[PDB]
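Read through the structure below, which is laid out as structure tokens, and then see the notes.
Number of protein chains: 2
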Amino acid sequence: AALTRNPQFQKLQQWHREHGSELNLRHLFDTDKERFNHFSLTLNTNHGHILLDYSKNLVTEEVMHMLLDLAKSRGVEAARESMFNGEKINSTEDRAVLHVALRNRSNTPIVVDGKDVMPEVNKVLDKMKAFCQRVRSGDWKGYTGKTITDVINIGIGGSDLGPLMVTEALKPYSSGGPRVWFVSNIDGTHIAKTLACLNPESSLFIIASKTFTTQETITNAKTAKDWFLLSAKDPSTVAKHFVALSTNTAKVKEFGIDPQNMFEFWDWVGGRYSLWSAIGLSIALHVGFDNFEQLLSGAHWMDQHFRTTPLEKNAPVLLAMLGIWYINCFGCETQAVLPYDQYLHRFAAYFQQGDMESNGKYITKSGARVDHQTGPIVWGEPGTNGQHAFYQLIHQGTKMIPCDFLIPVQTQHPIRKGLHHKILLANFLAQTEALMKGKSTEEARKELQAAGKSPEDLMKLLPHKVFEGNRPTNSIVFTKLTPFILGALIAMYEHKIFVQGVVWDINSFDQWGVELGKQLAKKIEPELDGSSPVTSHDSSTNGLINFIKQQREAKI
Amino acid sequence: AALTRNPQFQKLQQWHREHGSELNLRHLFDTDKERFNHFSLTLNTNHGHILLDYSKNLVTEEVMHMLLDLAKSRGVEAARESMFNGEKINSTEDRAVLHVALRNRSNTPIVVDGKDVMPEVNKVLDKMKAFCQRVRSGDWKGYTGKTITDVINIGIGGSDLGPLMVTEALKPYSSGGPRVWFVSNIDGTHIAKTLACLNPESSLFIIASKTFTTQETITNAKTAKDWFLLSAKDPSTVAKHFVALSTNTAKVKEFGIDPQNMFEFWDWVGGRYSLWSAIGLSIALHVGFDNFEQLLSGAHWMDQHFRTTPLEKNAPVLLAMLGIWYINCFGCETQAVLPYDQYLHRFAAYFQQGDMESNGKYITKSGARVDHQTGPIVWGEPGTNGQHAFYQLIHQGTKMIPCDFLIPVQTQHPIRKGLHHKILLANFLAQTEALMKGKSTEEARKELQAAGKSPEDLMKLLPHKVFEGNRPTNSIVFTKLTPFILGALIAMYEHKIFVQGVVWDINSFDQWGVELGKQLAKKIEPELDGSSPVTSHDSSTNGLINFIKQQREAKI
Ligand SMILES: O=P(O)(O)OC[C@@H](O)[C@@H](O)[C@H](O)[C@@H](O)CO
Ligand SMILES: O=P(O)(O)OC[C@@H](O)[C@@H](O)[C@H](O)[C@@H](O)CO
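These protein sequences, in sequence, are chains Z and G.
First residue of the first sequence? That's 1 in the numbering used here, and the numbers climb one at a time after it.
First residue of the second sequence? That's 1001 in the numbering used here, and the numbers climb one at a time after it.
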């Protein structure tokens, strides 16, 4: 309700109704040689540069002004401070939101109802490093005196995506580290296929679960233990092959893991923002603690940029408001994330959760139902592959789709004297250029006539060759995808999401939308047993269950 | 535009504007005990059953009737026959569309240009089987007399995603076959990390490219060949380690591969519909030819169901029209594909290309520009993971998102005596029930009161715990995910895509939208070499390029 009442918002929307359709990227660049200079920012982190070019967006200096005025009147700055200061901004759960403390390497005090949290944060960090050291050095032996060769993280959602995405992204920095595996789905196939290729002797399992009660995780963990025990037959050895990352000690101990091997994080760490805490143990074990600290450092650098930079040149804010523009004014349902980097193949999926689970809300902080759009659908696949799969729709479809193109200037594998990367870069550049420029009917007609096409054949194919263009994109280029830079990029989007949540006046840090499904699932599980028909639900659920019971023992 | 002029379409549209928002799933089920029976389709393939339950959709008998009348008035059946009969329906390229011929196990003649295509189709299948047997049995030897332990498919888009998705989906049926790898991205990382795990002596590369001129594929191919010859040495050994799947004989020879080592397909085989042709060699090598023929047989079965079934009971037609309903009447931008199966982890991605590249068009067969929506943005991740990642938005966001839930009754890994699959099934069922049913304010309040919440805690939380529900879903349940069933499922969606294209009167089989990007990339490629700044493009393209040249030398 708040947003739609805001005068800055109304002014912005009225302007859009009057001039929105007028805006044409090709025309804007053709009439302003300083567009790139005026609509981009270069960030020097001292550990590489980050160029955020947002010039190929449907905005003018006037549009940007109104967007910033809106961010201001919506209290983005005061909201940011409240988060960094440990205030309980996660209202529905009455909790603080402090993933920024997890990477607060300046160690500036951050008190939550009485005490500074940093001491506990750094205590867990030290414990992690000391542990990674023992594991990666062979010091930590299995139940038969052998060294650890494989680490298996068992968790789902926030306790899975972050570590997986990061270890994939930083694979080049895993030299000398154990092989890391990730089991998340309850689908038996996941754990089964993973355990098939593992020696219980040199295998270390990490049970990652904030609540340590999640059905998928606990079930997978128990199955892993059975698998392990079948070989090491002796319960007392699980303490050598099972560690836990949780906030609850009782359940961990109950599972059979000693509190000494429990790396804890806190309630003001949201799952989808937990890879920076003990949840990132698998990351540290894979790339070493030095690199993990660089990861955290990169995020801290971005945290500072977000906190001290004027809105007009604040990356997270600029990305967020541009998003608001397309979402609330142009009505675009989605946001595409297209990294031209094979190592970042799980990047889009990570923010699919980070963004959608955070802002996929419809009730404001005041308890009022929104009367405007909130979080968008995030999606995408790494660069050069997408061009041969779905760019067709982005270029000539009937949907407006804001796209974020990302790529590192320097590749981790400069094979063929850099030939591959040069081509990758050319495509990265050419695609955003094409989306902006397009190709007019006249340009396409000349091409066809030069191809000796008959008037009949020229007319029949002509329109299909036209690219209307005027499709907006953001180009984010960084020196190299290192642990530090990656950390800065993730934090950057974390804050983009934070800013949009504030503007929409929703709680980006809770997730009550998962309860109903969990409840109905618990009531169905017992009903699946046996061959008796179920009639307790709607005819559809009843029909599906009965189909399942009937086909349960059908021989193919 | 044909669709907007259609009277059945206008009637549908008018009805929606007048009663659309009145449809409430919970109400529909509560007042119609026959809903499931009236809106579900059960297919017995004699090799497993497939249940398409579309009752949880915002439709009534009357709506389904209007939808079917539209499919009829748009000439869906006549278009289908034209495709199956080899007519050149790919109008912009003047080519036939015959992926159906590739799996025509009945061998009924399909004539193109006065000649039956089946003889050539089967000749290639026999060649494929013969080659597979040699490699699989160990008969085929490397340049050092060693058998083949690894098969590397080098290709992109249509020559990649299909075999990749299917080999992943059918892992259970790959016992014996050599390890299969897929290289696609030009990003040097992709081929570098793959080659690092191979021995040139026992590696067999498959260059998959219809044209055999695609830059990414040819460049990757050349890099692999150099890598190989690095150890081998003489150009003569290449014939034992490289084969090609293409239509370009001249180029294949030019590359260094001699015919007979080239498995061909034809121009009427669209890349995104080519896994059923020679492009599926990697699938055959991985799971054996018997399983591959099962895959083809499954699709053929579906082809037959599509061709002989009355529209009202035609699976792909119903799927198609329900989509039209949500796209052109409700205005939904996306389509979620959520398979509750880890093996199908790339299923959604496969149809992201198959659907979006096919129907992401804006020009009709008559040359008119569409004045209505076309293809939707396809996306998703396997279940139950999604439930912890983005379902928050599907349940409580501000977007209507049609969802296709898929799951096999029987699992390939019934570990823990079926415990994992029992839970997976329970969630599959509960999620759609939840999306449909929701949870009212009063229902939520009663729960909060029972939970012992205080008046002030109950009041701040209440709103956030309400699920408005009324979110549509399709539940597709099949006995087991076998080669045959997977084939039927893929074909089912291919035809869904076909039907929608017909209704929108667009050409679902060309892809002119990729041309602009490719040509602009060829222009930038040589401009990256120099150290001199570039000024020949828009200021953004210029700025990005210059940043790259500056940061290229940056030491980190
Ligand atoms: O097992 P855990 O650690 O309690 O996580 C259980 C998952 O449902 C949860 O992490 C979910 O991804 C979100 O809340 C993250 O913000
Ligand atoms: O190298 P190929 O086989 O010519 O494929 C080149 C790819 O651009 C192409 O397959 C693309 O995915 C689509 O047209 C498929 O319909």
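Beta carbons are placed, not taken as given, at the ideal position from N, Cα and C, and that holds for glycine.
Name, please, each residue of chain Z whose Cβ falls closer than 7 Å to the Cβ of G/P1463. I363 and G367
Assess, as a yes-or-no matter, whether the region 1293–1311 of chain G is touched by the region 1063–1080 of chain G under the definition of 3 or more beta carbon pairs within less than 8 Å. yes
Nonlocal neighbours in the same chain, by C-beta distance under 6 Å from G/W1227, ignoring five residues either side: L1195
List, in chain order, every chain G residue whose beta-carbon is nearer than 9 Å to that of Z/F36. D1538, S1539, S1540, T1541, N1542, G1543 and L1544
Enclosing beta strand (DSSP E) for G/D1150 [first to last residue]: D1150 to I1154
Consult DSSP for Z/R26 and reduce its assignment to one of helix, strand or coil. helix
Give me, in chain order, the residues of the same chain whose beta-carbon lies closer than 6 Å to that of Z/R179; leave out the 5 immediate sequence neighbours on both sides. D150
Quick check on the DSSP output: what are the complete alpha helix (DSSP H) runs of length 4 or more inside the region 216–296 of chain Z, in order along the chain? 238–241, 249–255 and 281–287
Please work out which residues of its chain come closer than 8 Å, Cβ to Cβ, to Z/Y343, disregarding the five sequence neighbours upstream and downstream, and give them in chain order. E168, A169, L170, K171, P172, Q412 and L481
Ligand 1 heavy atom lying under 6 Å from the CB of Z/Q511: yes
Cβ of G/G1271 versus every heavy atom of ligand 2: is any distance shorter than 6 Å? yes
Is the beta carbon of residue 984 of chain G within less than 6 Å of some heavy atom of ligand 1? Since the first and last residues shown for chain G are 1001 and 1556, residue 984 of chain G lies out of range.
Rank G/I1279, G/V1499, G/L1275 and G/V1269 by C-alpha distance to the C-alpha of G/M1262 and give the top, closest one. G/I1279
Quick one: any contact between the region 1101–1120 of chain G and the region 1521–1534 of chain G, if contact means 3 or more CB pairs under 8 Å? no
Using only the heavy atoms of ligand 1, determine whether one of them is closer than 6 Å to the beta carbon of G/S1021. no
In the structure shown, what three-state DSSP assignment does G/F1467 receive? strand
In chain Z, which residues lie less than 8 Å from G/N1427 when you measure between Cβ atoms? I186, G517 and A521
With distance defined between alpha-carbon atoms, name the residue in G/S1540, G/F1242, G/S1277 and G/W1379 nearest to G/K1129. G/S1277
Is any beta-carbon of chain G found at less than 7 Å from that of residue 588 of chain Z? In the structure displayed, chain Z extends from 1 to 556; residue 588 of chain Z sits before or after that span and is not available.
What did DSSP end up calling G/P1109 once you bin it into helix, strand or coil? coil
Verify the CB distance criterion: does G/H1300 have a CB-CB separation below 7 Å to chain Z? no
Using the C-alpha atoms, what's the distance from Z/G418 back to G/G1142? 30 Å
Can you tell which of G/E1447, G/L1058, G/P1455 and G/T1374 has the C-alpha that lies nearest to the C-alpha of G/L1003? G/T1374
Between the CA atoms of Z/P483 and Z/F292 - distance to the nearest angstrom: 7 Å
Delimiting residues of the beta strand (DSSP E) encompassing Z/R416: No beta strand (DSSP E) holds Z/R416; DSSP gives it neither H nor E.
So with CB distances below 7 Å, who are the chain G contacts of Z/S475? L1544
Within this structure, are the beta carbons of Z/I257 and Z/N220 separated by less than 7 Å? no
Check the Cβ of Z/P382 against every Cβ in chain G and list those closer than 7 Å, keeping chain order. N1185
Verify the contact flag: G/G1157, CB atom, against every heavy atom of ligand 2, threshold strictly below 6 Å. yes
Is the distance from the Cβ of G/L1319 to the Cβ of Z/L544 below 7 Å? no
Hey, would you say the C-beta of Z/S277 is under 6 Å away from at least one heavy atom of ligand 1? no
I'd like to know if G/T1411 contacts chain Z, where contact means its C-beta is closer than 7 Å to some C-beta of that chain. yes
State the CB to CB distance for the pair G/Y1340 and G/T1384, rounded to an integer number of angstroms; the pair is presumed to be in contact (CB under 8 Å). 7 Å
Closer than 7 Å by C-beta to G/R1095: which residues in its own chain qualify, once you throw out the five before and the five after it? Chain order, please. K1088, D1267 and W1268
Could you check whether the Cβ of G/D1053 sits closer than 7 Å to any Cβ belonging to chain Z? yes
Along chain G, which residues have their Cβ under 7 Å away from the Cβ of Z/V370? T1398
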